[PDB]
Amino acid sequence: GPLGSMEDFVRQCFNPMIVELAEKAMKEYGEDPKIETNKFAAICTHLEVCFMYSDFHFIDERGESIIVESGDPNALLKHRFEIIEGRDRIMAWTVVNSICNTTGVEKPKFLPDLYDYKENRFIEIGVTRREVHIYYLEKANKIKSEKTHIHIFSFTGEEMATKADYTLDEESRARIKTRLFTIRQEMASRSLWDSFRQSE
């Protein structure tokens, strides 16, 4: 079929807020999303996985972790995760500092993606088009915070997480994997997938 434009895909297939946060960050970093389009789509995908990981997960009135997908989470529920990804650098470190003061967890060397108030740890999310184990070791070797939990997703359903501890239930991780499958399938229908996969 005809070859689409990755920019069109990104704008048509990610929520405008995700697209905007990705666009702003690339621009501040000197990278043009109109040129580095495969990177644009990968940054949107990663940011969306961060949001989906956190979606619907609350700490209840008693302090247990519960899932609330309906529109109204009762007012006394607390969001289970803090989202650090998607914030500019100042706000991201401000949040990381606030967490570390509230909880006493030690401060990471690089910005992680999430903080889990139930498991009391920062999380680094990865999304890859290559093998998860090779991607996992790269991430671990970059940060080696050894308290930051690492959770890797691929576009074909494979996952790898620190100490075989996957944090979330299978239904939440299936939502994420189903979304990644949908992204890959739509890219492939637009003949974008080949360039996207090999671009990592």
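Numbering starts at 1 and runs along the sequence shown.
When the C-alpha B-factors of 187-195 and 173-181 are averaged, 187-195 comes out higher. Looking at mean Cα B-factors across 57-65 and 33-41, the upper value is held by 57-65.
Taking the deposited Cα B-factors for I150, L168, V132, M26, the highest one is held by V132. Sorting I83, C100, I123, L76 by the CA temperature factor given in the entry leaves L76 at the top. In the PDB entry, a CA B factor belonging to the highest third of its chain's modelled residues is recorded for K107. Among the modelled residues of its chain, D116 has a C-alpha B-factor that falls in the lowest third, as given in the PDB entry. In this PDB entry, the Cα temperature factor of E48 sits in the bottom third of its chain's modelled residues, the lowest group.
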